[PDB]
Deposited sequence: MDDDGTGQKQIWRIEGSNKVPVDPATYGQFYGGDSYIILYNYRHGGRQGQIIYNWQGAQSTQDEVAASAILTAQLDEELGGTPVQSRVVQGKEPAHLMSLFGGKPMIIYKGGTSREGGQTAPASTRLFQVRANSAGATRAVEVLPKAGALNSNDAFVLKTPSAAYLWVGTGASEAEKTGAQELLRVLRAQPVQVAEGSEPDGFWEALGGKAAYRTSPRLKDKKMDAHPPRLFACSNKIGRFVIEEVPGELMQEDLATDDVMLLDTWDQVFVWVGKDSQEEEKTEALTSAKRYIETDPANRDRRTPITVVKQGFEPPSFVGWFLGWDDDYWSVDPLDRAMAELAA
């Protein structure tokens, strides 16, 4: 798709069985535990058209999802079934959808509706893909949560650190700032290995986080997650508990084993890992629930309570 995503849009959130208008002041912010609908109006090649994006966060419950069905179909009917439908999952947003925010990052708040209240020790992971689309995701305000490849955003109602990774980009730098903007707070530009005392004091305590040689390093052979090749941003949900996943991080290959996978799966997973390499490196095996900081690092906004 080629449109610049600066057309007139409207954004509802699924609340029970209805869609309720989201504050236009806050378009671009999204609760991860909530589904949304975006009527996007655009003119292009002399012809107007509409796009319905049906966004659904990672924590979004099945009843929410099922309700967005009726809602979408209704909305669609109202407009005379002309708009182009597209259901989207947190992290698999197409370029177009990510451009709908005038360059601003998509920020995703932990929690959502059932509207909760935001715990003001709150960590935010900030990652950009190749094309620059930037996502700002809220992780648990712990300490082993950080990684060198990203920029991160801390907050206490006292201090507000913009933690930079050594493999972070300007696009990742910017978006952290743009978050702080929305978050109404004043930054303190930290780098990796130059943290104040109060830093780790807010994280709960210093702990050697999601770090590695390929996560640390600067000039990016990107990560590549295979089931037994997952497209888009590498999410925790991407990890089917009844499967073995290959995570090739280029100078390392992991073999993530799902809790409920059969044996022969792990057995040829490994076999496949070996043939995958030798047809142009550690083959570290990791079990579900037992994820080393070096594994979890590559994922966008990992939860430990997740399962």
| item | value |
| --- | --- |
| Deposited residues without C-alpha coordinates, grouped into stretches that follow sequence order | 115-118, 225-226, 235-244, 297-303, 331-344 |
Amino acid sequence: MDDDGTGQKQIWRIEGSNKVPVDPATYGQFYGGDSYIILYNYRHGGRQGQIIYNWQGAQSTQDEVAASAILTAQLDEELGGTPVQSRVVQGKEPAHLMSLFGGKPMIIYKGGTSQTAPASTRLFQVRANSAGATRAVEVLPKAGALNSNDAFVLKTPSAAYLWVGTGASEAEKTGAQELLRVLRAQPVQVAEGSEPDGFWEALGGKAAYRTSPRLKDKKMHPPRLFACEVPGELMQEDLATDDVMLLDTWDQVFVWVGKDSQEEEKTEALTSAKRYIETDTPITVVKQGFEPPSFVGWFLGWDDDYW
From here on, numbers count along this sequence of modelled residues.
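Each form is matched to the other, and the largest set of C-alpha atoms that superpose within 1.5 Å is called the rigid core.
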query: Higher-deviation stretch (C-alpha RMS, rigid core fit) in 5 other deposited structures of this protein, choosing from 196-204 and 80-88; finding: 196-204
query: Mean C-alpha temperature factor, higher of 118-126 and 191-199; finding: 191-199
query: Residue stretch of maximal mean CA temperature factor, 72-80 vs 170-178; finding: 170-178
query: Highest-ranked of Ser86, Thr113, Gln236, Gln90 once sorted by CA temperature factor in the record; finding: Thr113
query: Identity of residue with top Cα B-factor, from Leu162, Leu97, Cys228, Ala133; finding: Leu162
query: Lowest, middle or highest third - CA B-factor, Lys266; finding: middle
query: Among modelled residues of the same chain, the CA temperature factor third for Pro282; finding: highest
query: CA B-factor placement of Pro223, once the chain's modelled residues are sorted into thirds; finding: middle
query: Chain-wide C-alpha B factor ranking for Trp250, given as lowest, middle or highest third; finding: middle
query: Chain-wide C-alpha B factor ranking for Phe101, given as lowest, middle or highest third; finding: lowest
